[PDB]
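Structure record follows, encoded as structure tokens.
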There are 2 protein chains.
Amino acid sequence: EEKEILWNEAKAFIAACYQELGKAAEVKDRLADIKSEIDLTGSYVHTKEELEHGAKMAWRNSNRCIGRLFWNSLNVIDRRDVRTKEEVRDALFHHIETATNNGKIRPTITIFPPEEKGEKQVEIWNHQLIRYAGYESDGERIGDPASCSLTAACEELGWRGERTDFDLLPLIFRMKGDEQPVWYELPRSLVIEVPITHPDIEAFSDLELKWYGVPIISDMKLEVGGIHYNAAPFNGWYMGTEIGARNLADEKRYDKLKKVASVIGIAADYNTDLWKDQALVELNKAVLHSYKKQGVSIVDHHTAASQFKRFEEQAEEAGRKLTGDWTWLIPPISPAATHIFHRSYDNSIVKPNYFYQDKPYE
Amino acid sequence: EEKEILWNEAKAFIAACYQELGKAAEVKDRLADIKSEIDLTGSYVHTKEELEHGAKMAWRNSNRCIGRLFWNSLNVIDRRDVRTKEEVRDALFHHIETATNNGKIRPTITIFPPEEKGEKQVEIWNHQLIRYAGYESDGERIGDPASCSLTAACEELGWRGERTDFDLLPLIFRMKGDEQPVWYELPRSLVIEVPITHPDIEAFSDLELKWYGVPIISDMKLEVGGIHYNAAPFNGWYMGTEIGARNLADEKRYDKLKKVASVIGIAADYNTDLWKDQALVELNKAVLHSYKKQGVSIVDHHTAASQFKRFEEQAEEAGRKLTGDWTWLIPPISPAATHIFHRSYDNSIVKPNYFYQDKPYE
Ligand code: HEM
Ligand code: HEM
Ligand SMILES: C=NCc1cncc(OCc2ccc3ccc(N)nc3c2)c1
Ligand SMILES: C=NCc1cncc(OCc2ccc3ccc(N)nc3c2)c1
Ligand SMILES: C[C@H](O)[C@H](O)[C@H]1CNc2nc(N)[nH]c(=O)c2N1
Ligand SMILES: C[C@H](O)[C@H](O)[C@H]1CNc2nc(N)[nH]c(=O)c2N1
Ligand SMILES: [Cl-]
Ligand SMILES: [Cl-]
């Protein structure tokens, strides 16, 4: 019956994928070979064309993503050939390098061997390949609280963080047949960081804020035609709000709004002064300004929303249903200033897609 | 069967209402009289206590409302005795006066006779008792575009607006047995308006912006225990964002953000400058400052969210399920700065409640 779910998903994917690539006449024969392959082996292997397009379809189907306009230009790196942790490590190093591209970020996905019997070949522990550590001890909070549990896990494995507010977490992943994951410290030369300054508030640098250049989500599962690629790290460029309105602003993150209000010279005493709102705007202006100044790719929420409007228009022209999660698509600042706020979206799940999966820690 | 829906709703309402008022032992007898009344008359008449509490329950059940903490302090005016348009007019005039309360706004509802056979005794055309007219002709747009259709309707009835950007629409309602609605010009002495100034940007007054003091929604239907009060205008005080981030900001409303950016001395050329976001903050600061300065009640979105958190806490303590519409509860500026953004809400509809109903114009 496991050979039935896989067979059904495969038929749906191959038909759709080959339609879009204009290879509709080759569906019948390809479906034949797959049918035999599932019978004989219990699974099937995607061609590079299928895998590449499947990854692109998956991004296109990500309801929560505002940046889906450029789904078809995704850079897909096929690494189903890896067998050693050294190979996984170097593939992850390479992903960071090519995606970063000296600041001109290339949306990229590196695809590792898929689950077999639901048995993972490679199991990545990082939420993102580049992320800051977090510590909580004796009322003392350091770094990114979102990373507290992974950090403690890494420190259980012999790693020790310097306990700055911006410790780079090591890459940590487990190979099939190993009981523990291994960890590799990130070469700093691969990691671009952006110091946060303000275009006209000189004192903003006193906050000593910074963030990393490329968000590379590495703990989600890519599903393509019944095949579960549990290890397939992917990246885009940041939307400024992710950093300015969430990462550095949330009380359960870096919680910097009070300090921003201070350096911009406004009181943080009264709700009616809207000091949090003002601090959010200046901080988000600072983030955008800082990334542009260092020549690292970034998009503001207005421009991103305009691009998403075009994605909507493109979907209609192509005859494809549009799906989306309104609650995630709206930016966390001035959402009513975007068209997204003023329309509704069908939150139906279409495959191929990227999914949450259980963590091996916590 | 119409006597069945009514009977079922009545049983559910009376039981619940009398539980909450601690009059549980009187349910059986009250349900008896109602049962006979429905048999004999085809409907039933609420006691003043039931009507008052039903209106309060309805507010408490309004999923989209962030101000529900004060549901139990609602001022309920029972006007089921009205029979003439002069009486309706004076009741509406009175509502404006008492709710305004010289600026110290009292949340108030005036309840008119309910539908009979679904036949309306009184039919209010206004969306709000106080609202600005809107005009669209020859590429010339004046006033509030949201009011374009009602304004044209009023001008079909012999009314003529001065075509300022802030023409007060007349009260317009239709009595049962009349073919046309009547209209009465609002006495200016009853209407408080607030000129919009900025606490430290003196040039802000050049925009000549203003808004009315009290939002009195007058086109929704109150449903209590099977009884349809189609005419029951109600009001609270404004949350600043309604005016600053929507009414004066929406492109399909007053569309003032470009002009705000000008008077606050920032460029409106680049999305990356976040000029819309900055303009929104200053405009919303101006609104709050202006209402406080004139001694007209208003609440900022942070304070309102804190109050709503208490409503959530109060609901749990009372053993009542909480319902809400996340998409409407989140404020249109800095929503992620409120707790509302970071939790989910069950959007189930509980009666008593306030409902949309079809308009007699358009
Ligand atoms: C090219 C630049 C991109 C931008 C600006 C962008 C923007 C965003 C943003 C702002 C979010 C919300 C993140 C959050 O609230 O935590 C998001 C979610 C998401 N994006 Fe994108 N994105 C981009 C590229 C991509 C790529 C390349 C993929 C994968 C192929 C992708 C897949 C997703 C997914 C799966 C989510 C939802 C994750 C979740 O459910 O938690 N996006 N995107
Ligand atoms: C006391 C001050 C109050 C504040 C600050 C407040 C705040 C709000 C706000 C901001 C909205 C959203 C409006 C929009 O987006 O168009 C809302 C919706 C609503 N409020 Fe309140 N409210 C208050 C009192 C009341 C009262 C007295 C009632 C009725 C008894 C009420 C019932 C509702 C209803 C029914 C809606 C939704 C209307 C719709 O679905 O379009 N609220 N409230
Ligand atoms: C832990 N935060 C929730 C979470 C969980 N699991 C995956 C997540 O991904 C968010 C996400 C995913 C893809 C992105 C692509 C580009 C971008 N700028 N941000 C992006 C953000 C977020
Ligand atoms: C036409 N705009 C949509 C709409 C339709 N029908 C009713 C509406 O009511 C919004 C509403 C309702 C009650 C309120 C009470 C207080 C307040 N400050 N705003 C309030 C706003 C809104
Ligand atoms: C599409 C969406 O339902 C619609 O634009 C809503 C979004 N949330 C809102 N929330 C409030 N308070 N008021 C509104 O008018 C809207 N508009
Ligand atoms: C409760 C709600 O689902 C949750 O807080 C969501 C709201 N919308 C969001 N939207 C984005 N883009 N990112 C988030 O983390 C969240 N949080
Ligand atoms: Cl992030
Ligand atoms: Cl309004």
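Chains: A, B, ... in order of the structure tokens. Residues: from 1 per chain. Ligands: from 1, in order shown.
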For the strand (DSSP E or B) assignment from backbone DSSP, which residues of segment 295-356 of chain A qualify? Please present them as a ChimeraX atom specification. /A:298-299,353-355
I'd like the contact shell of residue 341 of chain B - 9 Å cut-off, only C-alpha atoms, skipping same-chain residues fewer than 4 positions apart - returned as a list in words.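 Neighbouring residues, sequence-local ones excluded: residues 327 and 332 of chain A; 326, 329, 330, 331, 335, 336 and 337 of chain B.
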I'd like the contact shell of residue 233 of chain B - 6 Å cut-off, only C-alpha atoms, skipping same-chain residues fewer than 2 positions apart - returned as a ChimeraX atom specification. /B:109-110,217-218
Next, the residues of the selection above should be written as a tab-separated table (two decimals), in the first residue's frame with N, CA, C and O atoms.
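Listing of selection_15.tsv after writing:
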```
chain	number	residue	atom	x	y	z
B	109	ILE	N	-26.16	51.90	22.43
B	109	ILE	CA	-26.97	51.34	21.36
B	109	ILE	C	-28.43	51.77	21.53
B	109	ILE	O	-28.99	51.72	22.63
B	110	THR	N	-29.04	52.24	20.44
B	110	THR	CA	-30.46	52.58	20.45
B	110	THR	C	-31.20	51.49	19.69
B	110	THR	O	-30.92	51.25	18.51
B	217	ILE	N	-22.21	53.02	13.98
B	217	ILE	CA	-22.61	52.09	12.92
B	217	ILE	C	-24.12	51.82	12.98
B	217	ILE	O	-24.64	51.38	14.01
B	218	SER	N	-24.81	52.08	11.88
B	218	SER	CA	-26.27	52.13	11.88
B	218	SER	C	-26.95	51.26	10.83
B	218	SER	O	-28.15	51.39	10.61
```
Chain B residues near chain A (6 Å cut-off, only C-alpha atoms) as a ChimeraX atom specification: /B:272,277,300,332-334,336
Can you write just those residues out, N, CA, C and O atoms, as a short mmCIF file (atom, residue, chain, number, x, y, z; two decimals), in the first residue's frame?
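Result written to again-v7.cif:
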```cif
data_model
loop_
_atom_site.label_atom_id
_atom_site.label_comp_id
_atom_site.auth_asym_id
_atom_site.auth_seq_id
_atom_site.Cartn_x
_atom_site.Cartn_y
_atom_site.Cartn_z
N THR B 272 12.09 51.76 -0.85
CA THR B 272 13.11 51.40 0.13
C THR B 272 13.28 52.44 1.24
O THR B 272 13.88 52.15 2.28
N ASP B 277 5.25 54.01 5.26
CA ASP B 277 5.25 53.52 6.63
C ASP B 277 5.47 54.67 7.61
O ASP B 277 4.80 54.77 8.64
N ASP B 300 -5.36 54.06 21.37
CA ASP B 300 -4.33 53.62 20.44
C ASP B 300 -4.37 52.10 20.33
O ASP B 300 -4.95 51.43 21.20
N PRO B 332 -3.87 47.58 11.66
CA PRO B 332 -3.26 47.75 10.34
C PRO B 332 -1.88 48.39 10.38
O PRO B 332 -1.25 48.51 9.33
N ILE B 333 -1.41 48.80 11.56
CA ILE B 333 -0.01 49.20 11.70
C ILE B 333 0.65 48.50 12.89
O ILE B 333 0.04 48.34 13.95
N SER B 334 1.91 48.11 12.70
CA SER B 334 2.67 47.32 13.66
C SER B 334 1.88 46.18 14.31
O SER B 334 1.88 46.05 15.54
N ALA B 336 2.46 43.02 14.46
CA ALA B 336 3.34 42.05 15.13
C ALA B 336 3.83 42.56 16.48
O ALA B 336 4.47 41.82 17.24
#
```
Residues within 8 Å of ligand 7, counting only C-alpha atoms and all ligand atoms, as JSON, numbers by chain: {"A": [215, 238, 242, 243, 247]}
Output the selection as a PDB file, in the first residue's frame - N, CA, C and O atoms for each residue.
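Saved as part.pdb:
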```
ATOM      1  N   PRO A 215      19.391  33.989   4.174  1.00  0.00           N
ATOM      2  CA  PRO A 215      18.543  33.052   4.917  1.00  0.00           C
ATOM      3  C   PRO A 215      18.417  31.728   4.165  1.00  0.00           C
ATOM      4  O   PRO A 215      17.776  31.665   3.115  1.00  0.00           O
ATOM      5  N   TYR A 238      16.542  38.237   1.695  1.00  0.00           N
ATOM      6  CA  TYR A 238      15.648  38.680   2.758  1.00  0.00           C
ATOM      7  C   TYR A 238      14.640  39.714   2.281  1.00  0.00           C
ATOM      8  O   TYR A 238      14.936  40.527   1.400  1.00  0.00           O
ATOM      9  N   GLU A 242      11.502  40.917   7.768  1.00  0.00           N
ATOM     10  CA  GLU A 242      11.845  39.694   8.486  1.00  0.00           C
ATOM     11  C   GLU A 242      12.887  39.976   9.556  1.00  0.00           C
ATOM     12  O   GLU A 242      12.864  39.393  10.639  1.00  0.00           O
ATOM     13  N   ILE A 243      13.800  40.882   9.232  1.00  0.00           N
ATOM     14  CA  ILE A 243      14.899  41.232  10.118  1.00  0.00           C
ATOM     15  C   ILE A 243      14.522  42.392  11.036  1.00  0.00           C
ATOM     16  O   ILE A 243      14.687  42.311  12.255  1.00  0.00           O
ATOM     17  N   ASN A 247      12.933  39.574  13.621  1.00  0.00           N
ATOM     18  CA  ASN A 247      14.170  39.054  14.201  1.00  0.00           C
ATOM     19  C   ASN A 247      14.793  39.969  15.249  1.00  0.00           C
ATOM     20  O   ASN A 247      15.263  39.509  16.285  1.00  0.00           O
TER      21      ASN A 247
END
```
At a cut-off of 8 Å, using only C-alpha atoms, what residues contact residue 173 of chain B? Leave out same-chain residues fewer than 2 positions from it and give the result as a VMD selection string. chain B and resid 122 to 126 171 175 181 to 183
Could the residues that lie within 8 Å of ligand 3, counting only C-alpha atoms and all ligand atoms, be listed as a PyMOL selection string? chain A and resi 65+67+127+146+214-217+219-220+234-239+242+356
Store the residues picked out above, limited to N, CA and C atoms, as a short mmCIF file (atom, residue, chain, number, x, y, z; two decimals), in the first residue's frame.
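After the write, out_18.cif holds the following:
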```
data_model
loop_
_atom_site.label_atom_id
_atom_site.label_comp_id
_atom_site.auth_asym_id
_atom_site.auth_seq_id
_atom_site.Cartn_x
_atom_site.Cartn_y
_atom_site.Cartn_z
N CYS A 65 4.58 32.18 1.06
CA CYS A 65 5.70 32.91 0.45
C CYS A 65 5.28 34.06 -0.46
N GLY A 67 7.47 35.88 -2.14
CA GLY A 67 8.47 36.05 -3.18
C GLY A 67 8.37 35.06 -4.34
N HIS A 127 18.14 24.87 11.55
CA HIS A 127 16.95 25.48 10.97
C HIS A 127 17.38 26.25 9.73
N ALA A 146 15.45 32.02 19.86
CA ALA A 146 14.89 31.01 18.96
C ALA A 146 15.84 29.83 18.77
N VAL A 214 22.34 35.85 4.04
CA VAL A 214 21.50 34.90 3.33
C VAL A 214 20.73 33.94 4.24
N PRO A 215 19.39 33.99 4.17
CA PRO A 215 18.54 33.05 4.92
C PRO A 215 18.42 31.73 4.17
N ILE A 216 19.04 30.68 4.70
CA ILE A 216 19.05 29.39 4.03
C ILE A 216 18.34 28.33 4.86
N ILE A 217 17.02 28.23 4.69
CA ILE A 217 16.20 27.31 5.48
C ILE A 217 16.55 25.86 5.17
N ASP A 219 15.70 22.90 7.35
CA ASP A 219 15.04 21.85 8.14
C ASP A 219 13.64 21.51 7.63
N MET A 220 13.31 21.97 6.42
CA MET A 220 12.03 21.63 5.82
C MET A 220 12.16 20.45 4.86
N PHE A 234 17.25 25.47 1.09
CA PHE A 234 16.96 26.45 0.06
C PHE A 234 17.04 27.87 0.60
N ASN A 235 17.25 28.83 -0.30
CA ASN A 235 17.39 30.22 0.09
C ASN A 235 16.83 31.20 -0.93
N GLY A 236 16.44 32.37 -0.45
CA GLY A 236 16.16 33.51 -1.31
C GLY A 236 16.98 34.65 -0.75
N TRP A 237 16.56 35.88 -1.03
CA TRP A 237 17.12 37.03 -0.33
C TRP A 237 16.10 37.49 0.69
N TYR A 238 16.54 38.24 1.70
CA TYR A 238 15.65 38.68 2.76
C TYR A 238 14.64 39.71 2.28
N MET A 239 13.45 39.67 2.86
CA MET A 239 12.57 40.84 2.85
C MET A 239 12.91 41.57 4.14
N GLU A 242 11.50 40.92 7.77
CA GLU A 242 11.85 39.69 8.49
C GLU A 242 12.89 39.98 9.56
N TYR A 356 6.80 21.26 6.90
CA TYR A 356 7.42 21.13 8.21
C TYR A 356 7.65 19.64 8.48
#
```
All residues 12 Å or closer to segment 77-82 of chain B, only C-alpha atoms, same chain fewer than 5 positions away omitted, as a PyMOL selection string: chain B and resi 45-53+55-56+87-92+94-95+98-99+106-115+121-122+175-176+229-234
Name the closest residue to residue 359 of chain B among the candidates B:118, B:150, B:74, B:134; distances are taken between atoms, counting only C-alpha atoms.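 Closest to residue 359 of chain B, using only C-alpha atoms: B:150.
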If you measure from atom 12 (C, counted along the ligand's line) of ligand 4 to atom CA of residue 357 of chain B, what distance in Å do you get, rounded to one decimal?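 Pair atom 12 (C, counted along the ligand's line) of ligand 4 / atom CA of residue 357 of chain B returns 13.6 Å.
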Atomic distance atom CA of residue 316 of chain B - atom CA of residue 54 of chain B, expressed in Å with one decimal: 20.3 Å
Taking only segment 147-188 of chain B into account, list the residues labelled alpha helix (DSSP H) by DSSP (computed from the backbone), as a PyMOL selection string. chain B and resi 148-155
Create the file for the chosen residues now, containing C-alpha atoms and written as a compact mmCIF listing (two decimals), in the first residue's frame.
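After the write, part.txt holds the following:
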```txt
# COMPACT_ATOMS: atom_id res chain seq x y z
CA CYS B 148 -20.44 57.66 -3.26
CA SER B 149 -23.47 55.38 -3.69
CA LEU B 150 -25.37 56.59 -0.61
CA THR B 151 -24.66 60.21 -1.54
CA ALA B 152 -26.09 59.74 -5.04
CA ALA B 153 -29.10 58.08 -3.41
CA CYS B 154 -29.63 61.06 -1.11
CA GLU B 155 -29.28 63.48 -4.02
```
Expressed in Å to a single decimal, how great is the separation between atom 40 (O, counted along the ligand's line) of ligand 2 and atom CA of residue 322 of chain A?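 Computing the Euclidean distance for atom 40 (O, counted along the ligand's line) of ligand 2 and atom CA of residue 322 of chain A yields 26.0 Å.
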For residue 321 of chain A, find every residue with an atom within 12 Å (counting only C-alpha atoms), except residues of its own chain fewer than 4 positions away, and show them as a list in words. residues 60, 61, 63, 311, 312, 313, 314, 315, 316, 317, 345, 346, 347, 348, 349 and 350 of chain A
